[PDB]
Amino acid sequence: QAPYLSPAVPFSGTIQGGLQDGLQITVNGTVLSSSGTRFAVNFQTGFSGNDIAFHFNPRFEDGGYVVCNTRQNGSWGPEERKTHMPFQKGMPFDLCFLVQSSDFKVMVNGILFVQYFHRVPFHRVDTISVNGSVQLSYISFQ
């Protein structure tokens, strides 16, 4: 699949073929400086946002932390939080998602940041969405 180039935020776009074991998704962009305190990347089914297999949500709040969760039919599950905040307001990032058989691995600027165990089948994910305090240069699939 060809990359999404300069997609406007909020963005949602199809992942051709769906998530597959071994697929790497790169999100390259820049956190905005003075335009809110959260952004999110969502791996989801369709365009509604009610079924999100993996919600990755950095929050520049309470010292900085990231939330990971899953939404099923509108309902959020148990939150996983890491206090490590590897993003900075105004700064560019390379955010890499790797789909593996039991989990996602998430790399930020070349360093493993978190994993997230699958709670729903990843093959049902056909769409990526990005929202909040970020601008995007590209989303690639490889």
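Think of the rigid core as the biggest set of C-alphas that the two forms share within 1.5 Å after superposition. Position 1 is the first residue in the sequence shown; the rest follow in order.
Between 27-35 and 53-61, the larger root mean square Cα shift in 8 other deposited structures of this protein, once each structure is superposed on the rigid core, falls on 27-35. Set 42-50 against 82-90 and average the Cα temperature factors; 82-90 ends up higher. Stretches 95-103 and 61-69 differ in mean C-alpha B factor, with the higher average recorded for 61-69. Among all modelled residues in this chain, the alpha-carbon of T30 has a temperature factor (C-alpha) in the middle third. Looking at the C-alpha B-factors along this chain, the one for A2 belongs to the highest third. Among all modelled residues in its chain, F56 ranks in the lowest third by Cα B-factor. Per the PDB record, residue ranking by Cα B-factor puts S137 in the middle third of the chain.
When the CA B factors of the chain's modelled residues are split into thirds, the value for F113 lands in the middle one.
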